[PDB]
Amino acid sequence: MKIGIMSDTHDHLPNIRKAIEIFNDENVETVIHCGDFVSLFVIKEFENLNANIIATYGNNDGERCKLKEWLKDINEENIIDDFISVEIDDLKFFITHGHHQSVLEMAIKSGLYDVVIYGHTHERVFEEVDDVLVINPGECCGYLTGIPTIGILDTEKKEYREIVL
């Protein structure tokens, strides 16, 4: 019943592994990654991730179709689009790389989802803005802010918390 959240891994292999371990060692049914993986080899490291993967395309993600195939050879369930609007554990999700703010803003203001997830900015935030649970797990790589993070969301109690690496 635990969903893993992460973003902007920017090829940092170490922190990527540290997150892939932290996730396994827990429930974590699925892992949302809205970030810029940035390079194809990042996808191999994930072959070691127990849960499945719902990813979004970061704007730096060059190999757009290679990433998709690869993510699948790793698992048929794994999905990756520019925008993913799904329902999970009886909850409406809108996931996207922080990329396009206009669409992000409207997903929140709209009132069609319960939970909204994005990244891009590298600034982790965790706020409730009109019933909407808005989450940016921050930068797994820790490059711009120097604070490397990821996060786990409780789909049951609607509870969440950051994890520093």
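Heads up: residue numbers just count along the shown sequence, starting at 1.
The stretch 128-136 shows the higher mean C-alpha B-factor when 115-123 is compared against 128-136 in the entry. Legend: mean Cα B-factor per stretch from the PDB entry, 46-54 versus 32-40; the higher mean is in 46-54. In the deposited entry, the Cα temperature factor of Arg17 places it in the middle third of its chain's modelled residues. For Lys68, the recorded CA temperature factor ranks within the highest third of the chain's modelled residues. Sorting the modelled residues of the chain by their CA temperature factor places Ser102 in the middle third. For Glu159, the recorded CA B-factor ranks within the highest third of the chain. Only modelled residues enter the ranking.
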